[PDB]
Amino acid sequence: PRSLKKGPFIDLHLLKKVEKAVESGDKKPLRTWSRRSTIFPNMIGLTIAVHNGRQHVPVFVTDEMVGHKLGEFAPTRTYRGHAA
Amino acid sequence: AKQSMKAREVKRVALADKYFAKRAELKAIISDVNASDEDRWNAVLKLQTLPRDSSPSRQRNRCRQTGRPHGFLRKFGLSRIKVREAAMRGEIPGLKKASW
Amino acid sequence: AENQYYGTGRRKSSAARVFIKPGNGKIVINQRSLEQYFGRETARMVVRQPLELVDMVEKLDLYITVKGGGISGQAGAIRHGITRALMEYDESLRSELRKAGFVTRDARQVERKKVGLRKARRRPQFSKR
Amino acid sequence: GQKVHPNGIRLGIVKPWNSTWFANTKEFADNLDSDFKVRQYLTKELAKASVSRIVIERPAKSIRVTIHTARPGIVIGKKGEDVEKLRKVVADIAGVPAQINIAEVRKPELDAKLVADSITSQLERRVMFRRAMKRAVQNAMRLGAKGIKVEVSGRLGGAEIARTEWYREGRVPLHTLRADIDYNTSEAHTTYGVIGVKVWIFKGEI
Amino acid sequence: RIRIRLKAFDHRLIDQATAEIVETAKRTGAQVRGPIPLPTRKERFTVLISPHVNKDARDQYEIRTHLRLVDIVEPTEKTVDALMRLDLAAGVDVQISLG
Amino acid sequence: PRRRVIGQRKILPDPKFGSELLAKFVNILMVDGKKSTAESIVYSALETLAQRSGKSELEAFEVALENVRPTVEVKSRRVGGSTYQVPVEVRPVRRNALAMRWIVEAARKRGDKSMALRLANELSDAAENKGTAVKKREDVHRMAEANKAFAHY
RNA sequence: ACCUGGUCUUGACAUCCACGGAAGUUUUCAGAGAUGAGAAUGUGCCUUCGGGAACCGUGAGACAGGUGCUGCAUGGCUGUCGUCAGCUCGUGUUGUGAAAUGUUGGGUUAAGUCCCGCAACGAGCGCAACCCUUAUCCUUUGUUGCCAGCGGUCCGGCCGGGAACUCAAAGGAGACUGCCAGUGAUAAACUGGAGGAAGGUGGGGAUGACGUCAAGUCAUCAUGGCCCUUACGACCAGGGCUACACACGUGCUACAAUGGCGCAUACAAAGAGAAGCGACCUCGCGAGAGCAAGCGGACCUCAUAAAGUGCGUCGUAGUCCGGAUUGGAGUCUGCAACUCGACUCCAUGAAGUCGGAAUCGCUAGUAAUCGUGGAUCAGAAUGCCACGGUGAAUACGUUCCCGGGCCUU
Ligand SMILES: [K+]
Ligand SMILES: [K+]
Ligand SMILES: [K+]
Ligand SMILES: [K+]
Ligand SMILES: [K+]
Ligand SMILES: [K+]
Ligand SMILES: [K+]
Ligand SMILES: [K+]
Ligand SMILES: [K+]
Ligand SMILES: [K+]
Ligand SMILES: [Mg+2]
Ligand SMILES: [Mg+2]
Ligand SMILES: [Mg+2]
Ligand SMILES: [Mg+2]
Ligand SMILES: [Mg+2]
Ligand SMILES: [Mg+2]
Ligand SMILES: [Mg+2]
Ligand SMILES: [Mg+2]
Ligand SMILES: [Mg+2]
Ligand SMILES: [Mg+2]
Ligand SMILES: [Mg+2]
Ligand SMILES: [Mg+2]
Ligand SMILES: [Mg+2]
Ligand SMILES: [Mg+2]
Ligand SMILES: [Mg+2]
Ligand SMILES: [Mg+2]
Ligand SMILES: [Mg+2]
Ligand SMILES: [Mg+2]
């Protein structure tokens, strides 16, 4: 994964969005296309709608999601089995 | 290749040339071992602000006569087909059919 | 039998320079003894063969430098160079050396790899359908 | 089956290169691209000048272009005006000082590129392809070639089914490496599509 | 002492250049060591000859770069200036070193 | 082949004894071109055989070869009708080649600790007319005897 | 080049006309970006200082644009029978004619190769040769390459030297059934022998006849015709091309003792390198990091070859075989390793104990086995192309299987 000496990566626009959302009582979902951003210990509690390719799925950020990327909670491929 | 596809490459080359040093010093700051823990963060955030097309890794070598993105050769700047045509016409100095 | 006699031997990618002079039977190869350099009994026999054939093993001193190739190639090149040095020393041994087959330079080299083949001749596995 | 290129197979034996300069990998591709652009411009400009070969040399920080032509007067113009204009444009394209030399192709009927271009122009003018090829072969044989072969492929005469037709006289020993074989091709863009022409001319063994 | 390094794609051209260099160097008093034939470089290329598929149908080409070394030991003043104006033929790369 | 243009290739004699016979045996035993490994295995097995018996290495090897060598084999011959297994005499070179190949295969099939030990045990069994490659010679001779009636095709 | 969403319409890429403007640099906001709204700084260069002439923006309209369809409209390029020894023409002659002859026949050859015969006489494309490379020798040159005789020496060609040798690369010689014997139709030719590094095409490569499959490619390119034009054109972000009950092809690694593991210790060839190869030293178990020589290279770096050999151990076990899978912790490239990179460390330790019917490659430095390099390339090979090391078995023969050549029916 990303080198420790460089620190976890986060998109600047998403960082600004979470900064503007945490200080306020804004509980509206934060729509984003940035699946590459690491989940930081500053936005636990609000819902982020991560793009999966064709829509934004809402993930409720908890403590256990810290260190993962936003895309890990937005699957991109639809599968239901063969002849099932 | 398409005209738009060739224009994309020329634009990418221009952007990389324009933002060359402004990327190099930011990367040096980020990779600096003895740098602080907040100027590194600022440099990392600033590197994303530059247009993506300014990174040299976005460039794809293309045939300089057709635009073909596959089968490129750096020594001649052309795809394999055009290299063969020029070689047979005798337009590539010193290049002949090899056998050993 | 008063001055140094020289021979060149070649085998695969090995080239050997052999200097011969009257002596008692000491052999040096790349500033090492024969047993120190060639740990293979086959290589030792190949090196010794012309001397055993001509019955002059302990009448000469051998100074040899070799480069390139591997153990067997270097041993064969040494044998060829020793044969040429003996021929330069005495010209009456040419018939017996040729009868033994040491005068001939072995020209077998590694066949080049070719397009469409895994090796010089091994083709990829074929299937009708 | 497919045949090797007659010029390419002889490039180091009896035939010379069309570009004679040395370069490292740093500027090899740039030199190739500039040569391509120069040849493109010259071929487009001197379309009616019967240009057979464009040789490019780079002695030192300069470009020297030799144009083999059958109409040197048309190439040069009045007191070198046209050749001076071409020199200016070539220097502008190459980015280095340019020097243009004119070489005389006597007997254009014995030059493969010129013969192919003549046949192509006739085809675009809607001359009978059979007549064109027969005339070319007869002219070369009369001028004294040891052999010639002409091949025309495509929708000949506007036919729906394309085909290939060739004529040969004398000997054209394509398997003899030391044979002087001048080979060249051309294309005609008729209302029914593209017709390809290939010309081999044999001039004796060296 | 000065070093002359000659690169060429044509060994006949490089031989002509070396011969004229050694002639114009020996005529002007200074002596010359060589010329020395350095190992030829053989760059190889393999290309697919069909526009589509047929992976086993290829053309193999090569470029041979020939290399020559010329030693001029004890160069005189009339020797030094009699070199750059020689204007060797095109297709020969010349590198001058002050060794 | 069709053209009958195949000569013969000289083989260097083995180091310890100078026997092309043993050199061919080493060649047959060798895998992947590891001739030194094959030679070491053969030498260890031969020394074990020599210390087991009272004869020299070459004499014991010759006894084993004499016990394993076949004389008549069966080869297929297709004529108008059906194919018959015709018995044919084996030339001496093929006798030696078959004996060596059968001995090596039997030793490889054995299940002792080391390959040298397996080869020594196989050679001793061959000298005493027991075990595999001896059963193989017997099977070949039995097939030839059963098809002796076809020894004119 | 595909999908979802957000956007543009003379337009991302050209020419022409009108207008405003040097082009450019430095920042702010919104968006997620495309983009929009701004905010400062410069305003240069010929100039008869009438104008321009670069480069931008806007305005229309001739147009641009299409990896859209037709490879069954095409050029060019390629596969294939097949590197098989064939395929033809002129004139003559035969036949009412399609056609035949030549090109068939006796021999011989790898060869329609050659000789003899012959209503054929000649010629062309193919065969062979001319080309590259490899095996031997000679001459020239001798650094960055070499060290035989010398002199020193820190024992390192290290230094003074030497031009002998290996070698580097230019020019030559050499192999031609040339000589001998036998056979053969007083032939072609074959069999054997001498000399030689090489003997009969010395080994390998390049080289692909007339044609065949309406074979492949309109997505390298070009092109006839057809089709779209506020959209099948253009820009952007995210996703997909990496899916997964299954089936096939091509490979890699194994199932072990001719082996695994530990220590020690030899012997290659070929190649690449400047936004590059990157030494030494230090740090880290390691992937790597910091500092920093040298090298556009016979000089420096990549870069320790491995198999091999010596010693020790394991003792036939699903094992000290095998290393798939998974958890945790990291490194590097890159705006960015979630989908979806490579590599490292610790732990985990699957199937697999030689594989049914069937099926593939290989005739010698080959197969097998062992490492090394290169193109592509920021990173990303078990693929591809190339290089050496070790190094076999077997070929009695042409009845049978597959493909092919010649004559005849
Ligand atoms: K086609
Ligand atoms: K009749
Ligand atoms: K006729
Ligand atoms: K089309
Ligand atoms: K993707
Ligand atoms: K694989
Ligand atoms: K498989
Ligand atoms: K285990
Ligand atoms: K990834
Ligand atoms: K028939
Ligand atoms: Mg286009
Ligand atoms: Mg890329
Ligand atoms: Mg190999
Ligand atoms: Mg296939
Ligand atoms: Mg087709
Ligand atoms: Mg015929
Ligand atoms: Mg006929
Ligand atoms: Mg012929
Ligand atoms: Mg006849
Ligand atoms: Mg040929
Ligand atoms: Mg078709
Ligand atoms: Mg198709
Ligand atoms: Mg995209
Ligand atoms: Mg795919
Ligand atoms: Mg293990
Ligand atoms: Mg064969
Ligand atoms: Mg790479
Ligand atoms: Mg025949």
Side-chain angles (χ1 to χ4, degrees), chain A residues 1-4 9 13 33 35-36 51-54 69 71-72 76-77 79 81-83, chain B residues 2-4 6-7 33 47-48 50 52 55-57 63 66 68 72 79 81 97 99-100, chain C residues 4 6 13 15 17 19 39 67-72 74 104-105 107-113 115 120-127, chain D residues 1-4 9 13 24 153-155 160 162 171 175-178 187 189 191-196, chain E residues 11 15 34-40 46 49-54 57 69, chain F residues 1-2 6 27-28 30-38 41 77-79 113-115:
Chain A
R2 163 145 207 160
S3 171
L4 275 196
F9 176 82
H13 53 85
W33 304 259
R35 326 171 29 105
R36 58 219 208 113
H51 202 239
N52 72 341
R54 73 175 148 171
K69 318 289 213 108
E72 309 199 29
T76 54
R77 292 184 198 92
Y79 179 60
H82 305 279
Chain B
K2 291 187 308 179
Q3 302 293 84
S4 68
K6 304 201 217 160
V33 51
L47 197 35
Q48 334 169 2
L50 313 181
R52 276 166 187 197
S55 171
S57 277
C63 177
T66 73
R68 207 188 192 258
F72 184 83
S79 51
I81 305 169
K97 286 187 60 93
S99 158
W100 63 95
Chain C
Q4 241 173 6
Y6 173 66
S13 41
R17 322 145 75 253
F19 294 96
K67 331 175 55 163
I71 303 150
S72 274
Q74 285 180 342
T104 306
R105 206 280 215 201
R108 304 181 280 158
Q109 316 276 130
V110 165
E111 202 174 352
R112 64 163 287 181
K113 197 205 167 289
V115 176
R121 316 215 170 170
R122 219 271 186 221
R123 305 177 101 71
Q125 186 159 271
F126 172 63
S127 165
Chain D
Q2 280 61 249
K3 296 96 156 91
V4 73
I9 202 51
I13 309 165
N24 295 304
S153 310
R155 302 172 61 177
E160 200 64 50
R171 49 201 294 270
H175 278 66
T176 306
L177 295 173
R178 66 163 187 226
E187 280 184 350
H189 305 266
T191 89
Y192 297 103
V194 176
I195 287 183
Chain E
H11 76 282
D15 285 340
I36 340 232
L38 285 182
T40 305
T46 292
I49 68 197
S50 185
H52 199 56
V53 301
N54 304 135
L69 182 67
Chain F
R2 291 190 187 287
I6 298 314
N27 276 343
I28 280 141
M30 168 183 53
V31 311
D32 304 340
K34 305 183 85 150
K35 188 176 270 219
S36 53
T37 309
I41 287 170
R77 213 62 176 104
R78 163 153 282 208
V79 301
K113 286 301 214 220
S114 78
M115 172 77 227

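Below, chain A is the first sequence line, B the second, and so on; all start at residue 1. We use all heavy atoms of the structure for the numbers below, so side chains are in, but hydrogens, waters and symmetry mates are not.
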Got a list of protein N/O to nucleotides 309-314 of chain G N/O distances below 3.5 Å?
unit_1  : atom_1 : unit_2   : atom_2 : d
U309(G) : OP1    : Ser36(F) : OG     : 3.1

With 3.5 Å as the limit, what N/O pairs link the protein to nucleotides 244-248 of chain G?
unit_1  : atom_1 : unit_2   : atom_2 : d
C244(G) : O4'    : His82(A) : NE2    : 3.1
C244(G) : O2     : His82(A) : NE2    : 3.0
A245(G) : OP1    : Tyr79(A) : OH     : 2.8

Restricting to nitrogen or oxygen on both sides, can you table the protein-nucleotides 332-335 of chain G pairs closer than 3.5 Å?
unit_1  : atom_1 : unit_2   : atom_2 : d
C332(G) : OP1    : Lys5(A)  : NZ     : 2.9
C332(G) : OP2    : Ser3(A)  : OG     : 2.7
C332(G) : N4     : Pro1(A)  : O      : 2.9
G334(G) : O6     : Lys6(A)  : NZ     : 3.2
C335(G) : OP1    : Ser55(B) : OG     : 2.8
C335(G) : OP2    : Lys27(B) : NZ     : 3.3
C335(G) : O5'    : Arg23(B) : NH2    : 2.8
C335(G) : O4'    : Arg23(B) : NH2    : 2.9
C335(G) : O2     : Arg36(A) : NH2    : 3.3
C335(G) : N3     : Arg52(B) : NE     : 3.2

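Take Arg68(B) and apply the salt bridge (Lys or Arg N to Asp or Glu O under 4.0 Å) test, not counting sequence neighbours, and it matches no residue. Every residue two or more places apart in sequence or in another chain that forms a side chain to side chain contact (heavy atoms under 4.5 Å, CB included) with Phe9(A) is listed here: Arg2(A), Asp11(A), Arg36(A), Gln48(B). Checked against side chain to side chain donor-acceptor pair (under 3.5 Å), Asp32(F) has no partners two or more places apart in sequence or in another chain. Not counting sequence neighbours, the partners of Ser114(F) by the side chain to side chain contact (heavy atoms under 4.5 Å, CB included) test are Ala116(F), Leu117(F). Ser3(A) pairs by the side chain to side chain contact (heavy atoms under 4.5 Å, CB included) definition with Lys5(A), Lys6(A), not counting sequence neighbours. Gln109(C) is linked by a side chain to side chain donor-acceptor pair (under 3.5 Å) to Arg105(C), counting only residues two or more places apart in sequence or in another chain. Applying the ring pair (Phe, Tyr, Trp, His ring centres under 6.0 Å) criterion to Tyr79(A), with sequence neighbours excluded, gives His82(A).
Within the structure, every side-chain polar atom (N or O) of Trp33(A) is placed at least 4.0 Å from both OP1 and OP2 of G31(G). OP1 or OP2 of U363(G) has at least one side-chain nitrogen or oxygen of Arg121(C) nearer than 4.0 Å. Put simply, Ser114(F) has no side-chain N or O that comes within less than 4.0 Å of OP1 or OP2 on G315(G). Contact check, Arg122(C) against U366(G): no side-chain N or O comes under 4.0 Å of OP1 or OP2.
For the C1' atom pair drawn from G225(G) and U74(G), the interatomic distance equals 11 Å after rounding to whole Å. Using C1' as the reference atom, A257(G) and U319(G) are 12 Å apart when rounded to the nearest Å.
A positive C1'-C2'-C3'-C4' angle places the sugar of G361(G) in the north (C3'-endo) family.
Here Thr176(D) lies in heavy-atom contact (under 4.0 Å) with a base.
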What string of B, S and - do you get for nucleotides 66-76 of chain G 5' to 3' if you count protein non-hydrogen atoms under 4.0 Å? SS-----BSBB
Scan nucleotides 393-398 of chain G nucleotide by nucleotide, 5' to 3', and note B when protein non-hydrogen atoms come under 4.0 Å of the base, S if they reach only the sugar-phosphate, - if neither. SBBSBB
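Entry note: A198(G) and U139(G) fail the pairing test, Watson-Crick or G-U wobble at under 3.5 angstrom for both distances. The bases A237(G) and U4(G) are paired, Watson-Crick or G-U wobble, with both atom distances under 3.5 Å.
Closest to the side chain of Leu69(E), from the set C127(G), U78(G), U143(G), is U143(G). Of the listed nucleotides (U78(G), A298(G), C385(G)), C385(G) has the atom at the smallest distance from the side chain of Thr46(E). Candidate nucleotides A164(G), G126(G), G149(G) were compared by shortest atom distance to the side chain of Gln4(C), and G149(G) ranks first.
Glycosidic torsion of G405(G) falls outside 90° of 0, placing the base in anti.
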